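Below is one structure, written out as structure tokens; comments come after it.
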Amino acid sequence: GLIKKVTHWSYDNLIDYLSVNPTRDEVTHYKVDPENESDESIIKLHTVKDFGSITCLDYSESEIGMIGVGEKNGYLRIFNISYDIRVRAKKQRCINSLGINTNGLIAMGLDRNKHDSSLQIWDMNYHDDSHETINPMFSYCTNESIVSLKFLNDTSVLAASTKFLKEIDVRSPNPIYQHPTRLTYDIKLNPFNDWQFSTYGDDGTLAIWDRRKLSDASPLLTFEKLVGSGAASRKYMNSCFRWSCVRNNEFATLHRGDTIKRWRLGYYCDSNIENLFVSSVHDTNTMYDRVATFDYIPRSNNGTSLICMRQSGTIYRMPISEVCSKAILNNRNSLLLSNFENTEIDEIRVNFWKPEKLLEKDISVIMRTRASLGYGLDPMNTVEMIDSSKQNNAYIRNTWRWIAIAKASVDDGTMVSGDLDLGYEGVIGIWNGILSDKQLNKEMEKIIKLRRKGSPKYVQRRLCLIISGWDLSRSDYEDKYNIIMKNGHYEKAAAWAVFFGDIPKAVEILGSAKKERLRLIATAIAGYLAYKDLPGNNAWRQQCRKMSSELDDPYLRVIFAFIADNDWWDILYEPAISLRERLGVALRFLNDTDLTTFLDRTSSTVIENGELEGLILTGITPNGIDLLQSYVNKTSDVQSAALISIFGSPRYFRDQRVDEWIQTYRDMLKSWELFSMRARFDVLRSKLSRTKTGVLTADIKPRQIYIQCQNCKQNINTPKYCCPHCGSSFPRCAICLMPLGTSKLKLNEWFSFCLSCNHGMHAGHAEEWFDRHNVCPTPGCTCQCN
Amino acid sequence: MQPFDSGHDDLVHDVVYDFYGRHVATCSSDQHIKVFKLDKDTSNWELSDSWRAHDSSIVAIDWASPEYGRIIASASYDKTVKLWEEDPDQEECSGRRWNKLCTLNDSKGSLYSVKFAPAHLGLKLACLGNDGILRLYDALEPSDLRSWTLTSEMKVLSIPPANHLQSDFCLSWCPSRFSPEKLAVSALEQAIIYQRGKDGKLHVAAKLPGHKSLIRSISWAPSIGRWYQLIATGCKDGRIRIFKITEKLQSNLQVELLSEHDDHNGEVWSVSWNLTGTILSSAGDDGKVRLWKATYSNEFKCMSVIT
Amino acid sequence: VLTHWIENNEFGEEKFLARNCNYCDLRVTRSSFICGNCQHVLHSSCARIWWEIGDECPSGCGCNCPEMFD
Ligand SMILES: [Zn+2]
Ligand SMILES: [Zn+2]
Ligand SMILES: [Zn+2]
Ligand SMILES: [Zn+2]
Ligand SMILES: [Zn+2]
Ligand SMILES: [Zn+2]
Ligand SMILES: [Zn+2]
């Protein structure tokens, strides 16, 4: 089987093909359309049959249709498809190779004859058609069997015998070189590099040769056992290696008749001669197995398709898949795709799941949008911004509400005074205690006795009520009820009334509401006041338990759970209600021996579960940093960890994880070009690293530059219009001729000193000058300062 | 999924984003580097500069951190590493916008991968080629960015690979500012994590097991603040191996495989992480790009598949 | 007046980070802004952007640069 691709014959975009069946009997001409993948593009035009057993084939590029056909008997049947002459050598033997040059020279590769020369070249315009034998214009290679030959140029020819590689010209009888090697079968020329060709041998050891390396003799490349055997045994070989016609330093080989490997080559010059080496190997499986030979198809936009002929002679068309070479991601969650075949690059912007929806739901772009909106800079502002957004961010709003409460407590002077700090602490730290016990107890009582205008741990429960924000008055409780009712959350108002115990007020609040369902719930709640003395296990409590099981609202769920049975333990473990309310109803109504167990259980749950609402229990402490670390492990949200841990870490405890989170968030803000947010984050870190004394514990950048005067070589200002150490005159502005002054920032107040030419102007003057100019305004400076 | 044509005359070998994400540089096999920028008005990629860089095909480029300026590395098959700095006062699309800085010729082999260091180690650099020798280049002088001095030289393979056998090399640095310096180095069927010891010389710290075939891409997941680090491996098999590296020779470190997916049925060419290490983009021989995320468990599950 | 960098004996990255703007963390070479109380650089564009919205030094040293740059 031989599929030979012929160009320069079709005026259209189609590519002509010449095919020989694997039994070596017929010659078929095709015209293949590259733009349609289906098999209808392979148009079978002509077929000439009964050509004995074909051993070689060639084509003439000068005139269209001249297709020489060889045979085993010796007849070199040269005819046209798009007359018919039958020539032969003077001695009848098998023709093993064939080449037709551009000018008209036609060579022929014969077997080994002692009294005849193998390589016989004649011209078509200078041959007599009345004789079967030929008139060899140039003859070489006596007593040798030439198995492969090809025309390099209009004069020279590269022929290979059974043992030598010969570069023989017609201008001189002396060949350029004769290299002794066995790999001398099927010389194929690279359509891009004219100095490179590839042969193979009987063992399949393919080798790429360089002509200039042999002329001077190692092969440029070798491939042990690459292609099929039978070179020295069978004269009918399937071409299982083809040079690439679409890009340089590439070729394709066929292995076991089913897979096709495209080997892409790399080249380096030791300094014209490039020492080749294999870079990448791409494997493509054919559509149908048992393929004998294949051929390339030059497609538009540097595409590749493979027309292949099977062992049965059936010809089909196998496209090459567009395999992605590189799929890089981005800080903005953008995917960039590069291909192994064409030039263009695919981009998936952010603007089985959909790609854009998955890139929009990732936490990277969520963190980017939150950082652009100003998340975490002010806790009350971020509670306001989260609450005025509907998605369903529940724990974030509650933990930022607690952070706002604790920051208001610290800013008011509460629980920062005394001999010990006790700032941003949690419920667990207050409850477990841990220099004298009486001294800390009396200063903690003094901490209680600051806003004064039957339990043993009353000097700790009150501190937990202060920390959690549950030390509010009953008139302010009525005001809070009015606020929650005005917000529209009637169920939360009812839940707070149930929490604070005034069940008739819960009935009054849920009654006369905007919904009929809330009125039905109010009637069910009111059916409890005249009912709480009942022993239980009755149909009303069963109905209330069923309603608690079935209902979707968590506030009414815990309302029904408290109404049906007067126990708080069904309320303290409900996760859908906020943990601040649960801690309020745990400090208000629970024995200390049970409150300690509840605190231990809830703290051990929230440390490992990564819940951000556990910061009420644990505070911003090392255990709070453990909580935030587990939250980062579960969620990959370093933004919230940074904005929470900056409140208490460098003020109180040096730990490496907070520094990692701060540096990561600063690099993320620089990555999204949010330099303003990074600067606000840095000044907020400096504000929140101040101790009670006032000493800044944050790490600041060291001092960078200072201004000299070159008359006393000192600083002109101490951390007037004259130098304060030598009295020399300061340089003036180049625009308004006003000097430098040394002793809410307006533009016309500081010099914008260039660090290259050392010439200073006022910033308003520099903006007005450098907007329409690009040179230093001083007389004799060439420095583009803007 | 709008495409843009890079304008190269040959294959495109490596495309990298910059730090800010608004610039891409595209190396190619026609010895050219084209830098593209994102216009905020037209919202389309446009060429900033195109220039002939090396004497062979360029296979890897990498941006430097912007605190060091606009520096683009370039490793190619002509055994050269060319470093390019952008001149601010130069015309657009002229070829003289990016000024050549150095040509590191210390490697006696055709290079495959160049990777700049993170922004906590210095202005370091890494190279690997078909010579088995790892080379590190530090720019120790902040006054001039041309005295690039070789500092570390570790041999990875015993012998250089054969002329005909194909082989791949890839690098990935550890971007953790609060951990000892580590380097993930892939050589054929071996993936080794180096570590900077107390003597200033790298040592073999941990080897990733598995890898029955060639390794086509190593990507270190960004250290967002977690207690574990992740390495994504694209092998010549179908396997996208994710390794959970826990660190606790300054510090010992353990390697545990987290996931191993055969969901491509071919060679995995490029695997790459996101900014936060949440989305893993794997491109394989099936023509489809598969995204991976972790939901409700440590094991990574599949997601949207882009073909 | 010539602007003189503080010759700080440094070893690693702070040698490179000495000559960097405190708003964008890029190298400053032309048209800088220098405070006197704190010795920190800014670009002219970075200073004209930051002082429209900020009040302290963007490096967070606690220096009120609109009132202490003299
Ligand atoms: Zn002076
Ligand atoms: Zn002026
Ligand atoms: Zn000047
Ligand atoms: Zn200047
Ligand atoms: Zn700046
Ligand atoms: Zn400052
Ligand atoms: Zn200042």
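Does at least one position in the stretch A:738-760 carry a residue that is outside any strand (DSSP E or B), over 25 Å from A:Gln704 (Cβ atoms) and within 16 Å of ligand 4 (Cβ to nearest atom)? Before the answer, list the steps.
Restricting attention to the stretch A:738-760, the residues satisfying the condition of being outside any strand (DSSP E or B) are A:738-750, A:752-760.
Filter again for over 25 Å from A:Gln704 (Cβ atoms), leaving A:738.
Keeping just the survivors that are within 16 Å of ligand 4 (Cβ to nearest atom) gives none.
No, there is no match, as no residue in the stretch A:738-760 is outside any strand (DSSP E or B), over 25 Å from A:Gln704 (Cβ atoms) and within 16 Å of ligand 4 (Cβ to nearest atom).
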Elements of type strands (runs of 3 or more DSSP E) in the stretch B:148-191, at least 2 residues being within 14 Å of chain A (Cβ to nearest Cβ) and touching a helix residue (DSSP H, G or I) at 6+ places or on another chain (Cβ under 7 Å): none
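Just for the stretch A:333-373: of the residues that are in a loop (DSSP other than H, G, I, E, B) and in contact with a helix residue (DSSP H, G or I) (Cβ under 7 Å, 6 or more places away or on another chain), which one is nearest to B:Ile61 (Cα to Cα)? Can you show your working first?
Within the stretch A:333-373, the first condition is being in a loop (DSSP other than H, G, I, E, B), and the residues that meet it are A:333-334, A:340-344, A:349-354, A:362.
Now narrow it down to the ones that are in contact with a helix residue (DSSP H, G or I) (Cβ under 7 Å, 6 or more places away or on another chain): A:333, A:341-343, A:350.
On the way: A:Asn333: 21, A:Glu341: 20, A:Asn342: 19, A:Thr343: 17, A:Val350: 25 Å.
The qualifying residue nearest to B:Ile61 (Cα to Cα) is A:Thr343.
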Please work out if A:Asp169 is over 24 Å from A:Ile3 (Cα atoms), surrounded by fewer than 18 Cβ atoms within 10 Å (Cβ to Cβ) and touching a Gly at 6+ places or on another chain (Cβ under 6 Å). no
Give the number of residues within the stretch A:66-88 that are surrounded by 18 or more Cβ atoms within 10 Å (Cβ to Cβ) and within 17 Å of A:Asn125 (Cβ to Cβ). 5
The stretch A:637-715: helices (runs of 4 or more DSSP H) wholly inside it with 3 or more residues that are in contact with a helix residue (DSSP H, G or I) (Cβ under 7 Å, 6 or more places away or on another chain) and more than 16 Å from ligand 2 (Cβ to nearest atom) are A:638-645, A:656-671, A:675-688
Confirm whether B:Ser259 is over 30 Å from A:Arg666 (Cβ atoms) and surrounded by fewer than 23 Cβ atoms within 10 Å (Cβ to Cβ). yes
Looking at the stretch B:105-113, can you tell me whether even one residue there is more than 30 Å from B:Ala162 (Cα to Cα) and within 13 Å of chain A (Cβ to nearest Cβ)? no
State yes or no: is A:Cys141 of a type in the set (A, V, I, L, M, F, W, C) and in a loop (DSSP other than H, G, I, E, B)? no
What pairs come out if I take residues in the stretch A:684-705 that are closer than 17 Å to A:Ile646 by Cβ and facing chain C (nearest Cβ under 8 Å) and pair them with residues that are of a type in the set (D, E, K, R) and in a helix (DSSP H, G or I) whose C-beta lies under 8 Å away, six or more apart or interchain? A:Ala698/A:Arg685
Extreme residue, farthest from A:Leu336 (Cα to Cα), among residues of the stretch B:4-20 that are more than 7 Å from chain A (Cβ to nearest Cβ) and of a type in the set (D, E, K, R): B:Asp9
When only residues in the stretch B:283-307 that are more than 7 Å from chain A (Cβ to nearest Cβ) and within 30 Å of A:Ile320 (Cβ to Cβ) count, which is surrounded by the fewest Cβ atoms within 10 Å (Cβ to Cβ)? B:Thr307
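Looking at this structure, is A:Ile716 buried (at least 22 other Cβ atoms within 10 Å of the Cβ), away from ligand 5 (no atom under 16 Å from the Cβ), within 11 Å of chain C (Cβ to nearest Cβ) and over 20 Å from C:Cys46 (Cα atoms)? Explain how you work it out, then say what you get.
On the way: buried (at least 22 other Cβ atoms within 10 Å of the Cβ): yes; away from ligand 5 (no atom under 16 Å from the Cβ): yes; within 11 Å of chain C (Cβ to nearest Cβ): yes; over 20 Å from C:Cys46 (Cα atoms): yes.
Yes; evaluated as a whole, the condition is true for this residue.
Residues are listed down the side, and each one gets a yes or a no for (1) more than 28 Å from C:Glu7 (Cβ to Cβ); (2) more than 11 Å from every other protein chain (Cβ to nearest Cβ); (3) among the small types (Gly, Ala, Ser):
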residue: A:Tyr721; (1), (2), (3): yes, yes, no
residue: A:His725; (1), (2), (3): no, yes, no
residue: A:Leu747; (1), (2), (3): yes, no, no
residue: A:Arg772; (1), (2), (3): yes, yes, no
Quick one: would you say A:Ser305 is in a strand (DSSP E or B), within 30 Å of B:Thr80 (Cβ to Cβ) and touching a strand residue (DSSP E or B) at 6+ places or on another chain (Cβ under 6 Å)? no
Just to confirm my filter: which strands (runs of 3 or more DSSP E) fall fully inside the stretch B:93-137 and include at least 3 residues that are under 16 Å from the mean Cα position of the chain (by Cα)? B:111-116, B:125-129
Among the numbered criteria (1) over 21 Å from A:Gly52 (Cα atoms); (2) touching a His at 6+ places or on another chain (Cβ under 9 Å), which one does A:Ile134 miss? (1)
Which of the numbered conditions does B:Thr276 fail, given that it passes all the others? Conditions: (1) touching a strand residue (DSSP E or B) at 6+ places or on another chain (Cβ under 9 Å); (2) buried (at least 19 other Cβ atoms within 10 Å of the Cβ); (3) not charged (D, E, K, R). (1)
Take the stretch A:47-65 and flag every residue that is in a strand (DSSP E or B) and loosely packed, with under 13 Cβ neighbours inside 10 Å. A:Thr47
Report the residue count in the stretch A:758-782 for those that are away from ligand 1 (no atom under 16 Å from the Cβ) and either buried (at least 17 other Cβ atoms within 10 Å of the Cβ) or on the phi > 0 side of the Ramachandran plot (or both). 12
What is the residue count in the stretch A:501-555 for residues that are assigned to a helix (DSSP H, G or I), under 24 Å from A:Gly488 (Cβ atoms) and not charged (D, E, K, R)? 18
Step by step: first the residues of the stretch A:341-382, then only those that are within 14 Å of chain B (Cβ to nearest Cβ) and of a type in the set (S, T, N, Q), then the one that is surrounded by the fewest Cβ atoms within 10 Å (Cβ to Cβ). Which residue is that? A:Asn351
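Whether any residue in the stretch A:208-222 is of a type in the set (S, T, N, Q), within 14 Å of chain B (Cβ to nearest Cβ) and surrounded by 20 or more Cβ atoms within 10 Å (Cβ to Cβ) is what I want to check.
First pass over the stretch A:208-222, keeping only residues of a type in the set (S, T, N, Q): A:215, A:218, A:222.
Remaining after also requiring within 14 Å of chain B (Cβ to nearest Cβ): A:218, A:222.
Next, only the ones that are surrounded by 20 or more Cβ atoms within 10 Å (Cβ to Cβ) stay: none.
No, because not a single residue in the stretch A:208-222 is of a type in the set (S, T, N, Q), within 14 Å of chain B (Cβ to nearest Cβ) and surrounded by 20 or more Cβ atoms within 10 Å (Cβ to Cβ).
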In the stretch A:749-770, what residues are at the interface with chain C (Cβ under 7 Å from one of its Cβ atoms) and within 13 Å of ligand 3 (Cβ to nearest atom)? A:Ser752, A:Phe753, A:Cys754, A:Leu755, A:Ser756, A:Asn758, A:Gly760, A:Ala766
Here the residues within the stretch A:186-215 that are more than 17 Å from B:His164 (Cα to Cα), out of contact with any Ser or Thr (no Cβ under 6 Å at 6 or more places or on another chain) and assigned to a strand (DSSP E or B) are A:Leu189
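Where a number appears in this text, it was derived from the coordinates with a stated rule and is not lab data. Note that each Cβ is placed from the backbone with ideal geometry, even for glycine, and that neighbours are counted across all protein chains shown.
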